[PDB]
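K.L.:
Got input_37.pdb for you, PDB, C-alpha atoms:
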ATOM      1  CA  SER A   6     -93.754-101.164 237.460
ATOM      2  CA  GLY A   7     -93.552 -99.174 240.689
ATOM      3  CA  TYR A   8     -90.395-100.388 242.425
ATOM      4  CA  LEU A   9     -88.891-101.635 239.159
ATOM      5  CA  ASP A  10     -88.384 -98.034 238.061
ATOM      6  CA  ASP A  11     -85.748 -97.686 240.795
ATOM      7  CA  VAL A  12     -83.961-100.774 239.542
ATOM      8  CA  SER A  13     -83.945 -99.338 236.024
ATOM      9  CA  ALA A  14     -82.192 -96.207 237.313
ATOM     10  CA  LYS A  15     -79.533 -98.301 239.068
ATOM     11  CA  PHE A  16     -78.589 -99.837 235.712
ATOM     12  CA  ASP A  17     -78.464 -96.429 234.049
ATOM     13  CA  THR A  18     -76.292 -95.000 236.813
ATOM     14  CA  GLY A  19     -74.191 -98.156 236.823
ATOM     15  CA  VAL A  20     -73.738 -97.992 233.074
ATOM     16  CA  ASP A  21     -72.769 -94.322 233.431
ATOM     17  CA  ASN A  22     -70.374 -94.995 236.318
ATOM     18  CA  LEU A  23     -68.680 -97.903 234.516
ATOM     19  CA  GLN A  24     -68.350 -96.003 231.255
ATOM     20  CA  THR A  25     -66.212 -93.618 233.328
ATOM     21  CA  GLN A  26     -64.205 -96.326 235.126
ATOM     22  CA  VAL A  27     -63.406 -97.943 231.765
ATOM     23  CA  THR A  28     -61.841 -94.632 230.713
ATOM     24  CA  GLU A  29     -60.010 -94.166 234.015
ATOM     25  CA  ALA A  30     -58.659 -97.711 233.722
ATOM     26  CA  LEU A  31     -57.599 -97.271 230.099
ATOM     27  CA  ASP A  32     -55.654 -94.174 231.104
ATOM     28  CA  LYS A  33     -53.815 -95.884 233.998
ATOM     29  CA  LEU A  34     -52.817 -98.615 231.546
ATOM     30  CA  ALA A  35     -51.631 -96.101 228.944
ATOM     31  CA  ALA A  36     -49.058 -94.825 231.460
ATOM     32  CA  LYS A  37     -47.694 -98.359 231.986
ATOM     33  CA  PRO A  38     -48.729-100.248 228.775
ATOM     34  CA  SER A  39     -46.941-103.492 229.544
ATOM     35  CA  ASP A  40     -48.352-104.104 233.034
ATOM     36  CA  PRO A  41     -50.304-107.419 233.300
ATOM     37  CA  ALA A  42     -52.537-106.204 236.117
ATOM     38  CA  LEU A  43     -53.380-102.845 234.579
ATOM     39  CA  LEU A  44     -54.429-104.532 231.379
ATOM     40  CA  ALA A  45     -56.719-106.962 233.220
ATOM     41  CA  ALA A  46     -58.280-104.221 235.338
ATOM     42  CA  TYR A  47     -59.120-102.252 232.170
ATOM     43  CA  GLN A  48     -60.571-105.345 230.524
ATOM     44  CA  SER A  49     -62.545-106.394 233.546
ATOM     45  CA  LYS A  50     -64.114-102.914 233.514
ATOM     46  CA  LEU A  51     -64.932-103.238 229.825
ATOM     47  CA  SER A  52     -66.441-106.677 230.384
ATOM     48  CA  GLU A  53     -68.412-105.209 233.303
ATOM     49  CA  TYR A  54     -69.436-102.218 231.208
ATOM     50  CA  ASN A  55     -70.700-104.541 228.467
ATOM     51  CA  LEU A  56     -72.537-106.538 231.134
ATOM     52  CA  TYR A  57     -74.534-103.617 232.504
ATOM     53  CA  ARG A  58     -75.380-102.460 228.996
ATOM     54  CA  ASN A  59     -76.506-106.027 228.351
ATOM     55  CA  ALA A  60     -78.811-105.883 231.374
ATOM     56  CA  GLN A  61     -79.888-102.408 230.346
ATOM     57  CA  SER A  62     -81.017-103.656 226.929
ATOM     58  CA  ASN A  63     -82.906-106.585 228.466
ATOM     59  CA  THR A  64     -84.751-104.412 230.965
ATOM     60  CA  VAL A  65     -88.213-105.068 229.553
ATOM     61  CA  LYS A  66     -87.990-108.854 229.341
ATOM     62  CA  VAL A  67     -86.292-109.221 232.714
ATOM     63  CA  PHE A  68     -88.425-106.773 234.720
ATOM     64  CA  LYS A  69     -91.542-108.487 233.415
ATOM     65  CA  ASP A  70     -90.565-111.916 234.742
ATOM     66  CA  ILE A  71     -89.152-110.559 237.984
ATOM     67  CA  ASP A  72     -92.321-108.536 238.640
ATOM     68  CA  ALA A  73     -94.463-111.621 238.080
ATOM     69  CA  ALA A  74     -92.285-113.646 240.448
ATOM     70  CA  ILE A  75     -92.490-110.757 242.916
ATOM     71  CA  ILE A  76     -96.289-110.723 242.839
ATOM     72  CA  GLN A  77     -96.281-113.700 245.198
ATOM     73  CA  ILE A 129     -90.502-111.210 251.413
ATOM     74  CA  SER A 130     -86.997-112.410 252.356
ATOM     75  CA  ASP A 131     -83.855-110.842 250.877
ATOM     76  CA  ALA A 132     -82.514-114.308 250.093
ATOM     77  CA  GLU A 133     -85.855-114.974 248.434
ATOM     78  CA  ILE A 134     -85.545-111.796 246.368
ATOM     79  CA  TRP A 135     -82.030-112.818 245.339
ATOM     80  CA  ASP A 136     -83.278-116.257 244.313
ATOM     81  CA  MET A 137     -86.122-115.004 242.101
ATOM     82  CA  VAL A 138     -83.738-112.560 240.428
ATOM     83  CA  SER A 139     -81.282-115.449 239.891
ATOM     84  CA  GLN A 140     -83.757-117.567 237.907
ATOM     85  CA  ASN A 141     -85.385-114.686 236.007
ATOM     86  CA  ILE A 142     -82.451-113.129 234.095
ATOM     87  CA  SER A 143     -81.480-115.755 231.499
ATOM     88  CA  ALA A 144     -81.700-113.053 228.833
ATOM     89  CA  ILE A 145     -78.576-111.571 230.421
ATOM     90  CA  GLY A 146     -77.072-114.825 231.702
ATOM     91  CA  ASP A 147     -77.281-116.678 228.384
ATOM     92  CA  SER A 148     -75.836-113.732 226.426
ATOM     93  CA  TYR A 149     -72.925-113.258 228.840
ATOM     94  CA  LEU A 150     -71.983-116.322 230.881
ATOM     95  CA  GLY A 151     -73.585-118.567 228.247
ATOM     96  CA  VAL A 152     -71.260-117.080 225.627
ATOM     97  CA  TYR A 153     -68.154-117.563 227.811
ATOM     98  CA  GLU A 154     -69.206-121.143 228.590
ATOM     99  CA  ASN A 155     -69.348-121.727 224.827
ATOM    100  CA  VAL A 156     -66.105-119.874 224.154
ATOM    101  CA  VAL A 157     -64.184-122.117 226.533
ATOM    102  CA  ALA A 158     -65.957-125.362 225.501
ATOM    103  CA  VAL A 159     -65.164-124.750 221.825
ATOM    104  CA  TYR A 160     -61.577-123.592 222.398
ATOM    105  CA  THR A 161     -60.929-126.649 224.573
ATOM    106  CA  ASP A 162     -62.158-129.022 221.873
ATOM    107  CA  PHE A 163     -60.043-127.111 219.370
ATOM    108  CA  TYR A 164     -56.970-127.458 221.552
ATOM    109  CA  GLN A 165     -57.629-131.148 222.180
ATOM    110  CA  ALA A 166     -57.788-131.795 218.442
ATOM    111  CA  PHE A 167     -54.269-130.375 218.276
ATOM    112  CA  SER A 168     -53.059-132.456 221.207
ATOM    113  CA  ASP A 169     -54.177-135.559 219.339
ATOM    114  CA  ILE A 170     -51.858-134.556 216.483
ATOM    115  CA  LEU A 171     -48.903-134.135 218.859
ATOM    116  CA  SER A 172     -49.495-137.711 219.982
ATOM    117  CA  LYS A 173     -47.898-139.074 216.814
ATOM    118  CA  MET A 174     -44.767-136.919 216.676
ATOM    119  CA  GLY A 175     -42.338-139.678 217.570
ATOM    120  CA  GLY A 176     -43.831-141.659 214.723
ATOM    121  CA  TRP A 177     -42.462-138.936 212.444
ATOM    122  CA  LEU A 178     -38.895-138.988 213.767
ATOM    123  CA  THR A 186     -28.615-135.407 213.114
ATOM    124  CA  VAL A 187     -32.325-136.210 212.872
ATOM    125  CA  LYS A 188     -34.914-137.056 210.217
ATOM    126  CA  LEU A 189     -38.459-135.686 210.574
ATOM    127  CA  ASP A 190     -41.467-136.759 208.526
ATOM    128  CA  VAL A 191     -41.999-133.153 207.459
ATOM    129  CA  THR A 192     -44.587-133.887 204.755
ATOM    130  CA  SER A 193     -46.919-135.913 207.000
ATOM    131  CA  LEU A 194     -46.776-133.637 210.064
ATOM    132  CA  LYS A 195     -47.526-130.596 207.894
ATOM    133  CA  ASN A 196     -50.409-132.540 206.326
ATOM    134  CA  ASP A 197     -52.151-133.005 209.660
ATOM    135  CA  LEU A 198     -51.530-129.398 210.673
ATOM    136  CA  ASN A 199     -52.825-128.094 207.359
ATOM    137  CA  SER A 200     -55.867-130.347 207.668
ATOM    138  CA  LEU A 201     -56.470-129.116 211.223
ATOM    139  CA  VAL A 202     -56.313-125.539 209.947
ATOM    140  CA  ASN A 203     -58.783-126.094 207.104
ATOM    141  CA  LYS A 204     -61.196-127.775 209.470
ATOM    142  CA  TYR A 205     -61.144-125.072 212.119
ATOM    143  CA  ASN A 206     -60.971-122.392 209.462
ATOM    144  CA  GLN A 207     -64.603-123.082 208.598
ATOM    145  CA  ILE A 208     -67.768-121.744 210.210
ATOM    146  CA  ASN A 209     -69.653-124.376 212.183
ATOM    147  CA  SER A 210     -70.280-125.627 215.721
ATOM    148  CA  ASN A 211     -66.657-126.687 216.068
ATOM    149  CA  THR A 212     -65.158-123.312 215.175
ATOM    150  CA  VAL A 213     -67.479-120.574 216.420
ATOM    151  CA  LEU A 214     -66.859-118.950 219.797
ATOM    152  CA  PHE A 215     -69.578-116.278 219.460
ATOM    153  CA  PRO A 216     -72.524-116.442 218.995
ATOM    154  CA  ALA A 217     -73.122-119.818 220.614
ATOM    155  CA  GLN A 218     -74.360-122.177 217.883
ATOM    156  CA  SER A 219     -77.602-123.598 219.234
ATOM    157  CA  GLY A 220     -78.283-126.761 217.253
ATOM    158  CA  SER A 221     -78.494-127.225 213.492
ATOM    159  CA  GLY A 222     -77.619-124.230 211.327
ATOM    160  CA  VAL A 223     -75.417-121.152 211.685
ATOM    161  CA  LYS A 224     -76.225-118.277 214.047
ATOM    162  CA  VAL A 225     -74.489-114.990 213.371
ATOM    163  CA  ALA A 226     -74.434-111.539 214.925
ATOM    164  CA  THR A 227     -74.155-107.945 213.787
ATOM    165  CA  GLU A 228     -70.602-106.697 213.187
ATOM    166  CA  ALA A 229     -70.594-104.437 216.265
ATOM    167  CA  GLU A 230     -71.756-107.310 218.463
ATOM    168  CA  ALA A 231     -69.127-109.673 217.170
ATOM    169  CA  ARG A 232     -66.481-106.929 217.363
ATOM    170  CA  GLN A 233     -67.417-106.247 220.964
ATOM    171  CA  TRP A 234     -66.834-109.917 221.829
ATOM    172  CA  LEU A 235     -63.687-109.848 219.744
ATOM    173  CA  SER A 236     -62.401-107.004 221.945
ATOM    174  CA  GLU A 237     -63.609-108.559 225.180
ATOM    175  CA  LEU A 238     -61.925-111.883 224.399
ATOM    176  CA  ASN A 239     -58.934-109.907 223.136
ATOM    177  CA  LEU A 240     -58.662-112.056 220.003
ATOM    178  CA  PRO A 241     -57.015-111.036 216.720
ATOM    179  CA  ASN A 242     -58.937-109.702 213.723
ATOM    180  CA  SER A 243     -58.383-112.998 211.962
ATOM    181  CA  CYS A 244     -60.944-114.430 214.387
ATOM    182  CA  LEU A 245     -63.706-112.122 213.128
ATOM    183  CA  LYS A 246     -65.530-113.682 210.168
ATOM    184  CA  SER A 247     -68.517-112.727 208.011
ATOM    185  CA  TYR A 248     -71.290-115.156 207.114
ATOM    186  CA  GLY A 249     -74.758-114.659 205.702
ATOM    187  CA  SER A 250     -76.267-111.511 207.180
ATOM    188  CA  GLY A 251     -73.669-111.021 209.893
ATOM    189  CA  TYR A 252     -70.490-111.943 211.726
ATOM    190  CA  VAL A 253     -69.050-114.548 214.060
ATOM    191  CA  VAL A 254     -65.916-114.924 216.229
ATOM    192  CA  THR A 255     -63.884-118.113 215.641
ATOM    193  CA  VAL A 256     -60.775-119.721 217.143
ATOM    194  CA  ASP A 257     -57.352-118.183 216.473
ATOM    195  CA  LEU A 258     -55.452-120.296 213.920
ATOM    196  CA  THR A 259     -52.353-118.084 213.897
ATOM    197  CA  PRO A 260     -50.195-120.512 215.890
ATOM    198  CA  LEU A 261     -50.996-123.511 213.642
ATOM    199  CA  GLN A 262     -50.400-121.520 210.473
ATOM    200  CA  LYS A 263     -47.094-120.318 211.911
ATOM    201  CA  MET A 264     -46.183-123.963 212.545
ATOM    202  CA  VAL A 265     -46.752-125.357 209.024
ATOM    203  CA  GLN A 266     -45.152-122.121 207.886
ATOM    204  CA  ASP A 267     -41.976-122.866 209.859
ATOM    205  CA  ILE A 268     -41.949-126.459 208.660
ATOM    206  CA  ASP A 269     -41.716-124.973 205.160
ATOM    207  CA  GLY A 270     -38.642-123.061 206.282
ATOM    208  CA  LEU A 271     -36.874-126.321 207.134
ATOM    209  CA  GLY A 272     -36.529-126.942 203.404
ATOM    210  CA  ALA A 273     -37.890-129.276 200.744
ATOM    211  CA  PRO A 274     -37.905-132.964 201.800
ATOM    212  CA  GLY A 275     -36.306-135.822 199.874
ATOM    213  CA  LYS A 276     -37.251-139.287 198.663
ATOM    214  CA  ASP A 277     -38.771-140.350 201.981
ATOM    215  CA  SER A 278     -40.571-137.053 201.378
ATOM    216  CA  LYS A 279     -39.080-136.607 204.835
ATOM    217  CA  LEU A 280     -36.201-134.380 205.871
ATOM    218  CA  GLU A 281     -33.062-135.060 207.849
ATOM    219  CA  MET A 282     -31.254-132.202 209.589
ATOM    220  CA  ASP A 283     -28.419-131.799 212.097
ATOM    221  CA  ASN A 284     -29.239-131.396 215.792
ATOM    222  CA  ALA A 285     -28.784-127.606 215.802
ATOM    223  CA  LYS A 286     -31.358-127.017 213.057
ATOM    224  CA  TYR A 287     -33.700-129.517 214.689
ATOM    225  CA  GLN A 288     -33.504-128.054 218.198
ATOM    226  CA  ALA A 289     -34.324-124.591 216.877
ATOM    227  CA  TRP A 290     -37.291-126.037 214.974
ATOM    228  CA  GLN A 291     -38.541-128.125 217.889
ATOM    229  CA  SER A 292     -38.373-125.038 220.115
ATOM    230  CA  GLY A 293     -40.162-122.712 217.718
ATOM    231  CA  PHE A 294     -42.775-125.438 217.375
ATOM    232  CA  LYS A 295     -43.267-125.953 221.099
ATOM    233  CA  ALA A 296     -43.527-122.200 221.538
ATOM    234  CA  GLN A 297     -46.480-122.093 219.120
ATOM    235  CA  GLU A 298     -48.200-124.875 221.003
ATOM    236  CA  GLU A 299     -47.662-122.861 224.193
ATOM    237  CA  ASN A 300     -49.375-119.853 222.615
ATOM    238  CA  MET A 301     -52.531-121.848 221.992
ATOM    239  CA  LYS A 302     -52.312-123.163 225.542
ATOM    240  CA  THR A 303     -51.905-119.585 226.791
ATOM    241  CA  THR A 304     -54.909-118.452 224.746
ATOM    242  CA  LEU A 305     -57.057-121.205 226.191
ATOM    243  CA  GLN A 306     -55.976-120.170 229.702
ATOM    244  CA  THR A 307     -56.713-116.444 229.233
ATOM    245  CA  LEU A 308     -60.224-117.183 227.945
ATOM    246  CA  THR A 309     -60.711-119.416 230.970
ATOM    247  CA  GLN A 310     -59.558-116.618 233.291
ATOM    248  CA  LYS A 311     -61.837-114.072 231.556
ATOM    249  CA  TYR A 312     -64.753-116.511 232.031
ATOM    250  CA  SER A 313     -63.949-116.891 235.736
ATOM    251  CA  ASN A 314     -63.755-113.104 236.035
ATOM    252  CA  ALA A 315     -67.086-112.829 234.192
ATOM    253  CA  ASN A 316     -68.710-115.179 236.735
ATOM    254  CA  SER A 317     -67.711-112.832 239.526
ATOM    255  CA  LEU A 318     -68.917-109.714 237.677
ATOM    256  CA  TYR A 319     -72.213-111.454 236.907
ATOM    257  CA  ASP A 320     -72.662-112.429 240.572
ATOM    258  CA  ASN A 321     -71.960-108.853 241.670
ATOM    259  CA  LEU A 322     -74.586-107.536 239.231
ATOM    260  CA  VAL A 323     -77.127-109.951 240.733
ATOM    261  CA  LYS A 324     -76.254-108.661 244.210
ATOM    262  CA  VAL A 325     -76.816-105.074 243.109
ATOM    263  CA  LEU A 326     -80.042-105.928 241.312
ATOM    264  CA  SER A 327     -81.264-107.780 244.413
ATOM    265  CA  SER A 328     -80.275-105.073 246.926
ATOM    266  CA  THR A 329     -82.073-102.472 244.859
ATOM    267  CA  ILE A 330     -85.300-104.439 244.501
ATOM    268  CA  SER A 331     -85.094-105.041 248.243
ATOM    269  CA  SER A 332     -84.584-101.390 249.227
ATOM    270  CA  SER A 333     -87.284-100.472 246.697
ATOM    271  CA  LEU A 334     -89.658-102.803 248.532
ATOM    272  CA  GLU A 335     -89.024-100.771 251.665
TER
END
Show me this structure written as structure tokens.
P.N.:
Amino acid sequence: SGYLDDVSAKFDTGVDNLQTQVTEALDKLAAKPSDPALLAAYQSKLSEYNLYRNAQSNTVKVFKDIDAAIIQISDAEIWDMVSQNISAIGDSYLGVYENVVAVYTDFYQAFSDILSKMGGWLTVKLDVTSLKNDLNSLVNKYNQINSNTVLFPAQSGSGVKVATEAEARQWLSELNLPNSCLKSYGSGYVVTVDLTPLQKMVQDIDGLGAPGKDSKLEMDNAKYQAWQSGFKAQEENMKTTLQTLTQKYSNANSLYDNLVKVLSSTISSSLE
């Protein structure tokens, strides 16, 4: 509607420009595959690319509300109306991340609670059978599809909300999670927490050997230290995963804010 048309172009151009920067960033990374910073730059670009496409696909809904709000002018005021009239985008981007981190945190806490009773299960003798029972139970619980396991889509209330495969795969790639996290359900797909560390744990407990009468298992210090270390390392992986999702969320907040600045500056210039 008049000045909105300009804003629509800005998204198109932005989407085009980003599509190119995602490629440029992927190349730079290819040349130095193990660089932490190059990987994040590439991924930020992808996240940003997905964000503009998101906005692009919500053009109709968003422009409608913004136009209304407009039909009633400070730059700060423009920025504010844009800020409260783009939930279509906000809820499907930041809302998702908010949910990803909330769910992964609860998942990690559930694990922490299990660690709490390790001493109670301890050459050395470890209550192998009972520790593995809690781990295996944790796995089966978080290996289901419900509001305690799903990262994307956000599960709003009672029932199970799914997405198309491409949508879920896009979030799978943005969160950089393994394929084991992608699950089918009903008409679509969902992204759930990574259980690989837990499964590796119970798996390694099995490698300690069959227990005895106590159903427990005693082992010399060498064998125990190596087990305790491999175990702690798996816990660290889950901790690392939680932290990377948190950092991606924080990065997303900044990309979202920048998009709002662009959107606002355009609308402003268009009204002049």
K.L.:
From the options A:6, A:147, A:210, A:38, which residue's atoms come nearest to residue A:70, counting only C-alpha atoms?
P.N.:
A:6
K.L.:
Pick out the closest residue to residue A:194 from this set: A:231, A:171, A:71, A:30. Count only C-alpha atoms.
P.N.:
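Looking only at the distances to residue A:194, the closest residue turns out to be A:171.
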K.L.:
Extract, using all atoms listed in the file, all DNA, RNA and protein residues at most 10 Å from residue A:51, discarding same-chain residues fewer than 3 positions from it, and format them as a PyMOL selection string.
P.N.:
chain A and resi 23-24+26-28+30-31+45-48+54-57+233+236-237
K.L.:
I need the output of the PyMOL selection byres ((chain A and resi 222) around 12) for this file as JSON, numbers by chain; which residues are they?
P.N.:
{"A": [208, 209, 210, 213, 217, 218, 219, 220, 221, 223, 224, 225, 248, 249]}
K.L.:
If you keep C-alpha atoms, can you produce a file of those selected residues as a tab-separated table (two decimals), keeping the file's coordinate frame?
P.N.:
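Saved result, result-v1.tsv, follows:
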chain	number	residue	atom	x	y	z
A	208	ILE	CA	-67.77	-121.74	210.21
A	209	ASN	CA	-69.65	-124.38	212.18
A	210	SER	CA	-70.28	-125.63	215.72
A	213	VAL	CA	-67.48	-120.57	216.42
A	217	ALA	CA	-73.12	-119.82	220.61
A	218	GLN	CA	-74.36	-122.18	217.88
A	219	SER	CA	-77.60	-123.60	219.23
A	220	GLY	CA	-78.28	-126.76	217.25
A	221	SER	CA	-78.49	-127.22	213.49
A	223	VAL	CA	-75.42	-121.15	211.68
A	224	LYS	CA	-76.22	-118.28	214.05
A	225	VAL	CA	-74.49	-114.99	213.37
A	248	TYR	CA	-71.29	-115.16	207.11
A	249	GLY	CA	-74.76	-114.66	205.70
K.L.:
If we count all atoms listed in the file, what is near residue A:297 at a cut-off of 8 Å, once residues fewer than 6 positions away on the same chain are taken out, given as a VMD selection string?
P.N.:
chain A and resid 260 to 261 263 to 264
K.L.:
What's around residue A:288 at 12 Å? Count all atoms listed in the file, leave out sequence neighbours fewer than 5 positions away in its own chain, and write the answer as a ChimeraX atom specification.
P.N.:
/A:186-187,189,271,282-283,293-295
K.L.:
Name the residues captured by the PyMOL selection byres ((chain A and resi 195) around 12) when it is applied to the shown file; answer as a compact mmCIF listing (two decimals) with C-alpha atoms, keeping the file's coordinate frame.
P.N.:
# COMPACT_ATOMS: atom_id res chain seq x y z
CA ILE A 170 -51.86 -134.56 216.48
CA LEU A 171 -48.90 -134.14 218.86
CA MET A 174 -44.77 -136.92 216.68
CA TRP A 177 -42.46 -138.94 212.44
CA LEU A 189 -38.46 -135.69 210.57
CA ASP A 190 -41.47 -136.76 208.53
CA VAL A 191 -42.00 -133.15 207.46
CA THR A 192 -44.59 -133.89 204.76
CA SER A 193 -46.92 -135.91 207.00
CA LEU A 194 -46.78 -133.64 210.06
CA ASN A 196 -50.41 -132.54 206.33
CA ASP A 197 -52.15 -133.00 209.66
CA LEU A 198 -51.53 -129.40 210.67
CA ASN A 199 -52.82 -128.09 207.36
CA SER A 200 -55.87 -130.35 207.67
CA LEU A 201 -56.47 -129.12 211.22
CA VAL A 202 -56.31 -125.54 209.95
CA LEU A 261 -51.00 -123.51 213.64
CA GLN A 262 -50.40 -121.52 210.47
CA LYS A 263 -47.09 -120.32 211.91
CA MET A 264 -46.18 -123.96 212.54
CA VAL A 265 -46.75 -125.36 209.02
CA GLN A 266 -45.15 -122.12 207.89
CA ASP A 267 -41.98 -122.87 209.86
CA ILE A 268 -41.95 -126.46 208.66
CA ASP A 269 -41.72 -124.97 205.16
CA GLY A 270 -38.64 -123.06 206.28
CA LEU A 271 -36.87 -126.32 207.13
CA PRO A 274 -37.90 -132.96 201.80
CA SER A 278 -40.57 -137.05 201.38
CA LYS A 279 -39.08 -136.61 204.84
CA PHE A 294 -42.78 -125.44 217.38
K.L.:
Smallest atom-to-atom distance to residue A:313: which of A:131, A:32, A:154, A:228, using all atoms listed in the file?
P.N.:
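So, comparing all the options, the nearest one is A:154.
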